[PDB]
């Protein structure tokens, strides 16, 4: 009873199911997929849409005439299936010209080329109906301390994004930008390494309302961070424009496992948050079917992403609806956390002797928080052991 449909807003990158399995120590294990084949197979699995890098759809170096042909066959598969393109991005990391970055390469001419490559694909994305344009600065960074003056690099990064915002404003495009953070890999350290750093950077752009974040489960977990907490901060700031769902087993290389794999309880709390907060954007899977798998395994992995989301959504809803959980939340004073600390104001607080001079600190210290009972109720619901 966990069948996905387009209403679930599940999306997949062309580069995900299309990943050929080349890793840093190994050759490809699967043939390349025709973008049109991926569109059709994903439609049959119940996906709502696809996403792409420019270079996933149009082979690097194509003439404008070849470019038009690739875009035409792709659009003809979209129209035939009803599939949507909610997000696009630029590949500024594969070609050797980007070995030191795109927007923050030390060479000025490479930075200008990176901007021209990006702008060209923004035109295409808006044409196909994308609402979000993602930037993953995978090559913006350094292996060594002297190679990059980070204040100058952030000036250049701000310059690039300001120019992109000027471009979409002057064209009158309805599209927003989302920065995808990652702490490391393929560079030793990547600029804007977490959701927090990206959120802070946006506030210094000329038009901050145009920019948000596209956090990825695995990337925050590569810094050991709590992904639901980071998503909560992004929602609190009004900046969760898109999200990348997958799996990661802790601090190591970027695994991009299927969603649900990796940290299972973190996935449960993530789904609880997105659904409770009314997140209405795409549920996008930036994952890689392991290279052990043939093409049947590729489609099983993709179907598993969607299935695990739906199972967790049902368990999260049951948790929140259970009156015993409702009572546990009161016992742990989750409702008091929603109450203003001092809506009576500063003067009243300073005059309030029960807040300090007469506060029974030891009685307050003796109150248990009852967090373990609440968390075991959450366990039981996740495991389907309520009964």
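Numbering follows the first chain given and starts at 1.
Here the stretch with the larger average CA B-factor, out of 72-80 and 222-230, is 72-80. The mean C-alpha temperature factor is higher for 171-179 when 235-243 and 171-179 are set side by side.
Highest C-alpha temperature factor among 212, 186, 215, 250 per the entry: 250. Among the modelled residues of the chain, residue 60 sits in the highest third by CA temperature factor in this PDB entry. Ranked within its chain, residue 149 lands in the lowest third, by CA B factor from the PDB record. The deposited CA B-factor of residue 279 belongs to the highest third of values across its chain. Sorting the modelled residues of the chain by their CA temperature factor places residue 329 in the lowest third.
Ranked by C-alpha B-factor against the other modelled residues of its chain, residue 137 falls in the middle third.
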